[PDB]
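**Student:**
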Amino acid sequence: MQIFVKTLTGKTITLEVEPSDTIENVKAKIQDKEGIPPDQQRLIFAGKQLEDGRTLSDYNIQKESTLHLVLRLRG
Amino acid sequence: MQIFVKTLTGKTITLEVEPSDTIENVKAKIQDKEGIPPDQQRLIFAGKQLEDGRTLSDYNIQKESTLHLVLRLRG
Amino acid sequence: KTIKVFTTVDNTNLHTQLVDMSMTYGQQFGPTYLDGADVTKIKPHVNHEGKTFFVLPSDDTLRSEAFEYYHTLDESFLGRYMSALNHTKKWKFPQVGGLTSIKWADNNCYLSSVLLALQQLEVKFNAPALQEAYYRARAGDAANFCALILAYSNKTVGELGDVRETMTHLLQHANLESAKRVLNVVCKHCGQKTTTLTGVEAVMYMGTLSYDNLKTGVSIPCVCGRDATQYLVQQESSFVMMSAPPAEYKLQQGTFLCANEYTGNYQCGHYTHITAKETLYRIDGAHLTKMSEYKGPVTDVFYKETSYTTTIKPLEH
Ligand code: NI
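Chains as they are written, first to last, in the deposited numbering: chain C, 1 to 75; chain B, 1 to 75; chain A, 4 to 320.
1) Pairs of beta-carbons, one from the region 264 to 275 of chain A and one from the region 81 to 100 of chain A, closer than 8 angstroms: are there three or more?
2) Shorter than 7 angstroms, the distance from the beta carbon of residue 320(A) to the closest heavy atom of the ligand NI, or not?
3) Determine, using beta-carbon pairs with one atom in the region 40 to 55 of chain C and one in the region 60 to 68 of chain A, whether at least three such pairs fall under 8 angstroms.
4) For the region 259 to 273 of chain A, which residues have a CB atom closer than 8 angstroms to at least one CB atom of chain B, in sequence order?
5) Quick one: does residue 311(A) have its CB under 8 angstroms from some CB of chain B?
6) Does the region 217 to 233 of chain A come close enough to the region 182 to 189 of chain A that 3 or more CB-CB pairs lie under 8 angstroms?
7) Note down the Cα distance separating residue 220(A) from residue 227(A), rounded to an integer number of angstroms.
8) Regarding residue 192(A) and the ligand NI, is the C-beta to nearest heavy atom distance less than 7 angstroms?
9) List in chain order: all unbroken alpha helix (DSSP H) runs of 4+ residues lying wholly within the region 105 to 166 of chain A.
10) Can you find a CB in chain C that lies within less than 8 angstroms of the CB of residue 34(A)?
11) Leaving out five residues on either side along the sequence, give the residues of the same chain with a beta carbon under 8 angstroms from the beta carbon of residue 283(A).
12) Could you spell out the range, first to last residue, of the beta strand (DSSP E) harbouring residue 89(A)?
13) Using a threshold of 8 angstroms, state whether the C-beta atoms of residue 8(A) and residue 57(A) are closer than that.
14) Since residue 72(B) meets chain A, which of its residues come closer than 7 angstroms, beta carbon to beta carbon?
15) Which runs of the beta strand (DSSP E) spanning at least 3 residues fall entirely within the region 178 to 258 of chain A, listed in chain order?
16) With a threshold of 6 angstroms on Cβ separation, who are the neighbours of residue 207(A) within its own chain once the five nearest residues in sequence on each side are excluded?
17) Thinking just about the alpha-carbon of each residue, which of 68(C), 74(C), 53(C) and 3(C) is nearest to the one in residue 15(C)?
18) So which residues of chain C does residue 66(A) contact, with C-beta pairs closer than 8 angstroms?
19) Taking Cβ-Cβ distances shorter than 7 angstroms, what residues in chain A pair up with residue 9(C)?
20) Do we get a CB-CB distance below 8 angstroms when we pair residue 127(C) with the residues of chain B?
21) Please check if any C-beta of chain C sits within less than 8 angstroms of the C-beta of residue 52(B).
22) Between residue 154(A) and the ligand SAM, is the CB less than 7 angstroms from at least one heavy atom?
23) Sort 30(A), 222(A), 250(A) and 129(A) by Cα distance to residue 73(A) and report the nearest one.
24) Can you check which of these residues, 34(A), 10(A), 147(A) and 167(A), is closest to residue 263(A) by C-alpha distance?
25) Give me the chain A residues within the contact set of residue 64(B), using Cβ-Cβ distance strictly less than 8 angstroms, ordered along the chain.
26) Tell whether a beta-carbon distance below 8 angstroms holds between residue 22(A) and residue 45(A).
27) Is residue 46(B) close to chain A? Criterion is C-beta to C-beta, closer than 8 angstroms.
28) Which chain B residues are close to residue 74(C), counting only those with a beta carbon under 7 angstroms from its beta carbon?
29) Going by C-alpha distance, which of 179(A), 310(A), 151(A) and 32(A) is nearest residue 239(A)?
30) Considering only the alpha carbon of each residue, which of 55(A), 165(A), 71(A) and 151(A) lies closest to residue 275(A)?
31) Taking only three categories from DSSP, how would you classify residue 28(C)?
32) Taking the alpha-carbon of residue 163(A) as reference, which of 43(A), 28(A), 273(A) and 35(A) has the nearest alpha-carbon?
33) List in chain order: all unbroken beta strand (DSSP E) runs of 3+ residues lying wholly within the region 30 to 54 of chain A.
Shown next, in the form of structure tokens:
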């Protein structure tokens with residue numbers, strides 16, 4: 001299952017995942033893709049911020065769905 | 001852990017805090033000593049603005065570091 | 004009896020709604036707005052058919068759209084936006100010195116200042132609404148922009164304000180991803196200690212108006228008693244804002260881009276804008292004053308930039 005991850009500046013990347021994968025996992029894949037620490041990542045979907053615990057299949061994330069990624073730099 | 005706060009008159013004071021204390025706390029601790037409302041209170045470290053959300057450990061404020069105290073302009 | 008209307012959150016997606024004329028809009032869409040007017044409590048007229056309505060996001064699509072439009076998660080944004088807009092729509096935005104200003108009203112001098120300043124800065128806004136309103140403002144229609152500025156800053160119309168804070172709150176939504184600043188602190192025996200900053204934090208400074216003083220050195224108190232020297236190692240950005248508590252400062256022709264003056268005290272004050280091209284132009288709301296040089300209580304000075312590297316070298320003591 002291919003999904004999109006887009007920044008507020010429009011910078012977008014593509015991730016192969018599954019509905020089973022959790023938020024921490026896609027965050028890990030983000031870290032693996034572009035090297036962004038999972039601790040700084042804030043993902044958003046349907047106008048709501050996502051919790052690290054739940055999975056994509058909870059937030060009704062279909063294929064080719066776009067997640068909004070904003071960064072929270074520590075300090 | 002003592003830290004220094006330099007007011008606008010140059011009058012430097014000292015505060016007892018812990019790295020876990022958020023900027024809100026330290027901003028509130030100045031009130032009971034200098035009588036300044038936190039609402040009009042602005043803390044700057046090395047010319048870098050500090051915000052209520054994060055903490056001294058996040059901004060990397062170590063032992064006996066010196067913060068500068070400024071007030072919000074009312075134009 | 005029903006009526007066909009449209010509800011939206013981004014002025015782009017118009018969602019069809021068969022409104023019940025018996026009930027009010029409030030009982031259906033929630034807090035509603037028709038061209039800035041809160042019609043939440045009034046019932047639907049036949050006059051209102053085909054017209055577009057602004058609502059708060061009440062489902063996933065509207066929430067998604069509204070977020071994609073405003074780049075904020077706060078669902079109450081539209082309310083403050085409209086509340087401010089109802090007032091900013093009345094302000095007059097004359098063209099002064101090839102720039103859009105605002106006639107003094109409702110303590111808008113700081114808004115006028117950030118507007119004038121922003122028009123002279125090379126910046127991109129990441130929030131569609133903000134960018135569009137910005138373009139519209141540069142064109143001459145800046146009501147929506149001001150309203151949005153007030154919205155994003157959690158400030159209401161009439162309230163006095165700080166230019167620096169507003170600038171921060173705005174640049175939050177600006178495209179400064181590639182903006183990079185690295186500084187270096189040196190003591191007598193504590194050696195060299197470098198620091199890196201990005202985004203808004205990489206184009207803002209509060210301690211000196213001088214940009215050069217940041218390149219030369221700034222005396223900051225350190226651990227081991229002796230004052231340490233802070234200096235700018237590298238600055239990769241389009242511009243730099245240098246701020247400080249309101250102080251008497253002499254502005255010169257080819258030393259900066261623009262600047263803000265704040266006259267008064269911490270109780271109440273008045274802002275004025277300074278922009279430099281041929282001579283020095285002082286913008287006070289709708290009023291303009293040409294000048295040779297300005298000596299006054301200035302708080303914020305803007306400098307243009309591209310990419311800067313240093314001459315400085317440390318000495319491991
Ligand atoms: Ni020595």
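Beta carbons: idealized from backbone N, C-alpha and C, even for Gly.
**Tutor:** The structure says:
1) By the C-beta criterion, the region 264 to 275 of chain A is judged not to be in contact with the region 81 to 100 of chain A, since fewer than 3 inter-stretch pairs fall below 8 angstroms.
2) yes
3) yes
4) Residues 265, 267, 269, 270, 271, 272 and 273.
5) no
6) yes
7) 18 angstroms
8) yes
9) 112 to 122, 131 to 142 and 146 to 155
10) Not a single C-beta of chain C is nearer than 8 angstroms to the C-beta of residue 34(A).
11) 254, 256, 277, 293, 294, 295, 296 and 297
12) Taken as a continuous stretch (DSSP letters only), residue 89(A) belongs to no beta strand (DSSP E), being part of the alpha helix (DSSP H) at 80 to 91.
13) no
14) Result: 165 and 168.
15) 183 to 189, 195 to 201, 207 to 209, 221 to 224, 230 to 239 and 242 to 254
16) 244
17) 3(C)
18) 46, 47 and 48
19) 129, 178 and 180
20) It is not possible to answer for residue 127(C), since the shown part of chain C is limited to 1 through 75.
21) no
22) As presented, the structure is devoid of the ligand SAM, carrying the ligand NI as its sole ligands.
23) 129(A)
24) 167(A)
25) Those within 8 angstroms of residue 64(B) in chain A are 226.
26) no
27) yes
28) 58
29) 310(A)
30) It is 165(A) whose Cα lies nearest to the Cα of residue 275(A).
31) helix
32) 273(A)
33) 35 to 37
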